[PDB]
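Encoded as structure tokens, the following chain is the form deposited in one PDB entry, with no partner shown.
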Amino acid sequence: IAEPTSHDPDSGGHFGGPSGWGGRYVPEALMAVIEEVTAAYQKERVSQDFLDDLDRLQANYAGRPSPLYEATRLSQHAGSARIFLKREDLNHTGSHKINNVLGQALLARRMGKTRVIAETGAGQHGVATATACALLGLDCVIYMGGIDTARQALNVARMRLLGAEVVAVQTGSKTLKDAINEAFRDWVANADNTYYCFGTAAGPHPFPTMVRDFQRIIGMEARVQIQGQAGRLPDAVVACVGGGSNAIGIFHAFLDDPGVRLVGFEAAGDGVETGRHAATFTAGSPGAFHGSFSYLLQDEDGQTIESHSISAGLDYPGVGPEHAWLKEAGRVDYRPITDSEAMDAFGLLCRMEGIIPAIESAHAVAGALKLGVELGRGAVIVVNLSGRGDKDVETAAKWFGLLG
């Protein structure tokens, strides 16, 4: 069947009250195309023919279901806890982003759009969008921050080979938040023929809900796989948090399990006290940003504080509204992980298991190691290994002295 509607926002996109998190902080010029997408998604989310077309691509084209590997050789560094890696790194294009892109590309075809635009920080969502647009015959334009086109250059070339046009954003901090600002400008001018394939669980309604619904499959699968392998529900499920898509995707199936801890791990960069980080929940406050009301890093006047992280996928000063609602309600804990902590976990996963994770995912692995020590021997911790680190190989090689 479909999926229940228990944790969804209201018709206006608000979590936990008619004036709470989420909503639509967008100009009126975008409201026509947003309502058109909301109407289209409401119609297709209950269409068995749509869910069939999506499941068919997810199975035969993207390789789902992804396995759940017990990284036994990590147990020593996690207080003798049992780490289970949800291997989203084995998806087509190399991350969880393809789950959401397939749904939204299928939706953009159902709407008759011929042009798809997207933003990207780490390059993984950009590659996934260009992948679906090549698959479904859609024209594709990806917006990327100029600083990210340099530290994730492997993905820039992949997008160009797939037929997409890559535009390097030079305004602002030249990272993810500025790519989103430029993609927003593109949509305002081309709302008529263009679909905006947003790549994370943020933005205005309906995007926080739609992105989450397309990533729900991660948690649905993991919840079944972990019971078959460990014989019980886990003691905790963890994931890294940038915008929040991969976290909310694996978190959702466990929300109604009162014994399952949920911990998201955000990028702390050089340190939360240094002013060079992206720990939105640790050092941020509520505000309206990028189309929703949620947490963001902001000075006393309301200006967005530029974020920094060694991971381009977590270099974002905001977060999705459903995470803000779950943080306020106390259902999910959010903790910082620094650059150095992540890179230790990165190298440990390589040495111990032969998996080269994405530097984003390394934040989650580092958080799981710490969490394992707190829970102790025998605790079952599921980790969402959101992506592989082929994009980060040059960054990781410099970090560990394999270059010069």
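When you see a residue number, it is the position in the sequence shown, counting from 1.
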Which of the two stretches, 249 to 257 or 100 to 108, shows the higher mean Cα temperature factor in the record?
249 to 257
Which of the two stretches, 376 to 384 or 15 to 23, shows the higher mean Cα temperature factor in the record?
15 to 23
Which one, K86, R223, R160, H323, has the peak C-alpha temperature factor per the PDB entry?
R160
Based on what the PDB entry reports, which of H92, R331, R115, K174 has the top C-alpha B-factor?
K174
Ranked by Cα temperature factor within the chain, is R276 in the lowest third, the middle third or the highest third?
highest
Compare the C-alpha B factor of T38 with those of the other modelled residues in its chain, then answer lowest, middle or highest third.
middle
Would you mind ranking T129 by its C-alpha B-factor against the rest of the chain and naming the third, lowest, middle or highest?
lowest
Of the three thirds of the chain ranked by Cα temperature factor, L30 occupies the middle
Of the three thirds of the chain ranked by Cα temperature factor, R151 occupies the highest
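The same protein also has a form deposited in another entry, omitted here; what follows describes it.
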Considering the two rigid parts between this form and the one not shown, is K177 grouped with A59?
no
